[PDB]
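Just so it is clear, the values below take in all heavy atoms, side chains as well, and ignore hydrogens, waters and symmetry mates. In this chain, numbering begins with 1 at the start of the sequence shown. Whatever order the structure lists them in is the order used to number ligands and atoms, beginning at 1.
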Amino acid sequence: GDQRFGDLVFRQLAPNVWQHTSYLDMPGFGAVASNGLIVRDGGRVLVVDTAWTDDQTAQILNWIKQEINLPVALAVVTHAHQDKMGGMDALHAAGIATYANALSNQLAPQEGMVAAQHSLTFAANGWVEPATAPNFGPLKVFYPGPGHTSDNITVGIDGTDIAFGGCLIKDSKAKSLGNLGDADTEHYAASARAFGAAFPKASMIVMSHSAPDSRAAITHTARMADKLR
Ligand SMILES: Cc1cc(Br)c2c(CP(=O)(O)O)cc(=O)oc2c1
Ligand SMILES: [Zn+2]
Ligand SMILES: [Zn+2]
């Protein structure tokens, strides 16, 4: 049940969870879809990842207003590339509190991104330091190790069967690991497996560039990444 809304696509995944999809015509790579998440937690909405652009991200907020009609309490973005952080200014213009891995905020200017307002830090075992992620509700933020990028983070949704791998995870039939320009090829496989181990109950794996898949997305991604070493 995909819903076309302007140039974006929205798909309900669970009673309180929707996937947002936006597109950027990247010369040399076609019009690339990127997915994030929208989660209703009681009387507020939480967003995972921007769209590629400010205008698209404002359209996400317009869809939220029309389909949910509750305030967006915060957004968390999953690394410092345009598909995940390109719309930061639109969130700030809307008055939404924004969060990213401290490393993502440090990298943002050189990547052409605007930093989030708040920095997440992580324990040695990968779980977010809880004081840095206040009021995250059901969102469980995990740093699995370097993979697609050194700063990539992942998000589970407590109370659902959903976990979000962002650009770390590719679908179970993917032919490649995509853009490795900023990747850590030696650690990728272990990081993919650590994501799976952090969210063992998640049977629906959501990711940046394919429709939600089974956990075979994790095993297949890791198996491809074993070849990078
Ligand atoms: C060279 C290059 C750089 C990026 Br920054 C991308 C992205 C964004 P990402 O998915 O790596 O976060 C998507 C893509 O399709 O091709 C790219 C190629
Ligand atoms: Zn990326
Ligand atoms: Zn990506």
query: Counting only heavy atoms not in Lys201, do more than 12 fall under 6.0 Å of its NZ?
result: yes
What are the atom names and distances for all N or O pairs under 3.5 Å between ligand 1 and the protein?
{"from": "ligand 1", "atom 1": "10 (O)", "to": "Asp83", "atom 2": "OD2", "distance (Å)": "2.9"}
{"from": "ligand 1", "atom 1": "10 (O)", "to": "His209", "atom 2": "NE2", "distance (Å)": "2.9"}
{"from": "ligand 1", "atom 1": "11 (O)", "to": "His148", "atom 2": "NE2", "distance (Å)": "3.3"}
{"from": "ligand 1", "atom 1": "11 (O)", "to": "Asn179", "atom 2": "ND2", "distance (Å)": "2.8"}
{"from": "ligand 1", "atom 1": "12 (O)", "to": "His79", "atom 2": "NE2", "distance (Å)": "3.3"}
{"from": "ligand 1", "atom 1": "12 (O)", "to": "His81", "atom 2": "ND1", "distance (Å)": "3.1"}
{"from": "ligand 1", "atom 1": "12 (O)", "to": "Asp83", "atom 2": "OD1", "distance (Å)": "2.6"}
{"from": "ligand 1", "atom 1": "12 (O)", "to": "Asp83", "atom 2": "OD2", "distance (Å)": "2.9"}
{"from": "ligand 1", "atom 1": "12 (O)", "to": "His148", "atom 2": "NE2", "distance (Å)": "3.4"}

message: Within the 3.5 Å criterion, strictly below it, is a donor on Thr78 or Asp49 matched to an acceptor on the partner's side chain?
response: yes
query: Below 6.0 angstrom between ring centroids: does that apply to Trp18 and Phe10?
result: no
- request: May I ask you to check if any N/O/S atom from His148 comes under 2.8 Å of the Zn ion (ligand 3)?
  value: no
task: Check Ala80 against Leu107 and note the closest heavy-atom contact, atom names and distance.
output: CB-CB, 4.2 Å
task: Assess the pair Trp127 and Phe199: is the distance between their ring centroids shorter than 6.0 Å?
output: yes
- prompt: Any N/O/S atom of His81 sitting less than 2.8 Å from the Zn ion (ligand 2), backbone or side chain?
  reply: yes
- line: Looking at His79, the N, O or S atom sitting nearest the Zn ion (ligand 2) is NE2
task: Hey, can you tell me if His118 and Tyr99 have their rings parallel, tilted or perpendicular (30° and 60° cut-offs)?
output: parallel
field: Which atom of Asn35 lies closest to which atom of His209, heavy atoms considered
entry: ND2-N, 4.1 Å
